[PDB]
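Beneath this line is the structure, given in structure tokens, with notes to follow.
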Amino acid sequence: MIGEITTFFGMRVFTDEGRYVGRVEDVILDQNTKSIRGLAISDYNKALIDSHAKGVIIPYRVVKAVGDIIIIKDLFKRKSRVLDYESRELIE
Amino acid sequence: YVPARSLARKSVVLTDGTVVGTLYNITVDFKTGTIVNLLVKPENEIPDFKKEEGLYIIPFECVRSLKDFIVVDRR
């Protein structure tokens with residue numbers, strides 16, 4: 001549970017649905033709340049992230065487990081908008 | 002907000018100006034995400050911080066800024 005910050009470095013991140021997210025490149029800190037703010041990710045999965053940045057930042061609150069890998073809540077999905085005259089829902 | 006690697010081996014100083022050492026590592030809780038300690042490679046002999054494996058154990062409660070010099074107080 002408690003350990004050193006260097007452990008994050010190089011760890012692969014997966015979602016709790018088994019899907020690869022990427023490799024931790026850095027850890028984003030906050031003096032005001034004495035807490036980890038986010039994880040900087042690189043070598044990141046294009047199938048899941050539409051983005052052209054060198055790396056992306058995942059907020060730390062979606063981290064579920066840190067072991068040999070980091071598991072996060074799978075947030076790489078699309079919500080469906082509700083339609084008033086259709087029981088089906090829309091995706092754009 | 003500060004990336005952790007940008008704190009790599011920075012110098013750590015007290016409120017008066019004493020050079021405490023160079024940052025070695027950072028202790029954190031992985032579930033909570035709370036930052037717990039600093040681990041500073043010593044250079045001077047401040048009695049205000051206890052030691053383990055030859056590093057200063059600075060509670061993160063005592064950190065007061067983290068710009069070009071890590072600044073630390075006794076309380």
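The listed protein sequences derive, respectively, from chains A and H. Going letter by letter, the first sequence gives residues 1 to 92 in the authors' numbering. Going letter by letter, the second sequence gives residues 2 to 76 in the authors' numbering. Positions of the beta carbon are idealized from the N, C-alpha and C atoms, including for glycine.
**Message:** Any beta carbon from chain H within less than 9 Å of A:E4's own beta carbon?
**Reply:** yes
**Request:** Quick one: list the residues of chain A neighbouring H:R6, beta-carbon separation under 7 Å, in chain order.
**Result:** For H:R6, the residues of chain A that pass the 7 Å Cβ criterion are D26, in the order they occur in the chain.
**CB contact below 9 Å: H:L67 versus chain A** = Chain A, which has a Cβ nearer than 9 Å to the Cβ of H:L67, makes this yes.
**Asked** In terms of DSSP beta bridges, what is A:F14 paired with?
**Response** Answer is A:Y20 and A:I71, bridged to A:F14.
**Item:** Cβ-Cβ distance between H:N45 and H:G18 below 9 Å
**Value:** It is not a contact, given that the beta carbons lie outside the stated cut-off.
**Item:** Neighbour-count burial assignment, A:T15, 16 or more Cβ in a 10 Å radius
**Value:** buried
**Request:** With a cut-off of 8 Å on the beta carbons, I'd call H:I36 and A:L39 a contact; round off their distance for me.
**Result:** The pair is not a contact, with the Cβ atoms about 14 Å apart (cut-off 8 Å).
**Prompt:** How big is the Cα-Cα spacing for A:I69 and A:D84?
**Reply:** 43 Å
**Prompt:** DSSP state of A:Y60, grouped into three classes?
**Reply:** DSSP places A:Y60 in helix when its eight states are reduced to three.
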